[PDB]
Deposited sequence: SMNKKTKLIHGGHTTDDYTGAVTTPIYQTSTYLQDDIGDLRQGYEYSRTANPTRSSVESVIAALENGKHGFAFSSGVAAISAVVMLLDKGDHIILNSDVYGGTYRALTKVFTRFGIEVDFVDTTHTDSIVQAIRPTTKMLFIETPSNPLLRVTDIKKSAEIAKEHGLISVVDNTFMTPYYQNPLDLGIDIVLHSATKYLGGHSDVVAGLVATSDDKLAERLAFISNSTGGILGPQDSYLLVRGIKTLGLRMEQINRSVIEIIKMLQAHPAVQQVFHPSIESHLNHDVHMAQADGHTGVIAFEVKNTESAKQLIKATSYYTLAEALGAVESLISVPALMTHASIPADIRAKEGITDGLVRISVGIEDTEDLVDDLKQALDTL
């Protein structure tokens, strides 16, 4: 009944019953004879149509807690292009604890069915993924997980709860790196987890309380605050994304463009069926690493950084920053060419962002 933008302002419990304060008090305290974190947990639960919310000290900490739902010998399926925090955690930490990991191209859901082993207990899916924005069918993944008794998990960071709600599609657990869009201001490191399953929430509550990766009260407050403008920020970002893609597809100096809004993008129709907007992450190819380096230097409004989901627009070259550790020829196979540029669209004026990127591409 509440339209989305209204729910962001009035959903969850973010006021103080004791005094009537319209914002949640910051409970910088360790002993009662934490309500600020509880407030942010109720916000993420409401936004994702879940029953239970959990706030961790980082997105990495959220993923670590969810993975610890498993035991030694259990097996997890993940989409084949997981990298960064999540890939390194699973393969360099949790495999030392007997957790077995298999990477599977989930863009075809029957790949999931083939990879299911007797010891499989979890299916973990990012959609869209980083950096090429591969799309996985959430609803079909949920059905497969239910039929085989797997805990289903979606990393919903890139879409945010404003545009995609995996719990409504039958997923067990939805999680976020709230460091990105949710906080939205490049000033809180946090992770968020929501579920509707009472037994899974109890196990999460136990894991959290026993490994202690909790989000502090000041960060909880800044996170609730940033979420208030989530809808306004993603809608501005979405307007710029559409215009930017039109420009990129027309520009001579640009080759392939990667974004789920493009009709020829693999599983474009799947993305439109499970989401009503788009992420602000876009990847596209210029000629080579030298053109990529020239493009970055020629923009006025794009800031060179690896982050995403800021109010400012960000630009990076995956092959030189996030993926420079993979050998070159393997980068080629996976599509991370030397001319691949990734942008995170911010909330600057749309025309300013279109024209700035275009005049910079014109110097190529």
{"item": "Deposited-sequence ranges lacking C-alpha coordinates, in sequence order", "value": "34 to 50"}
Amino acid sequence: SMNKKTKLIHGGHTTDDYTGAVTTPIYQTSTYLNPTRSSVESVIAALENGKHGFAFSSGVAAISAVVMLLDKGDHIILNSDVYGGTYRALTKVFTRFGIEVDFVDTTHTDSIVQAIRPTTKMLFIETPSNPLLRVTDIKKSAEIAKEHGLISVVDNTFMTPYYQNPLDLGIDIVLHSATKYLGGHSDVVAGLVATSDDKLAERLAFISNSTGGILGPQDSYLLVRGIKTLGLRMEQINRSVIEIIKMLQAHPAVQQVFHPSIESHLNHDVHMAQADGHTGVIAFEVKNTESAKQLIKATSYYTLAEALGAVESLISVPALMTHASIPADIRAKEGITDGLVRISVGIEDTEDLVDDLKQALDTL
From here on, numbers count along this sequence of modelled residues.
| property | result |
| --- | --- |
| Between 95 to 103 and 233 to 241 (mean CA B-factor, as deposited), the higher | 95 to 103 |
| Stretch with the higher entry mean CA B-factor, where the candidates are 323 to 331 and 66 to 74 | 323 to 331 |
| Largest Cα B-factor, entry values, listed residues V270, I282, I171, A292 | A292 |
| Residue of maximum C-alpha B factor among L175, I151, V286, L167, per deposited coordinates | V286 |
| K358 - which third its CA temperature factor falls in, relative to the rest of the chain | highest |
| Cα B factor band for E312 (lowest, middle or highest third within the chain) | middle |
| Relative C-alpha B-factor of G339, binned into the chain's lowest, middle or highest third | highest |
| Within-chain third of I44 by Cα B-factor, per the entry | lowest |
| Among modelled residues of the same chain, the CA temperature factor third for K140 | middle |
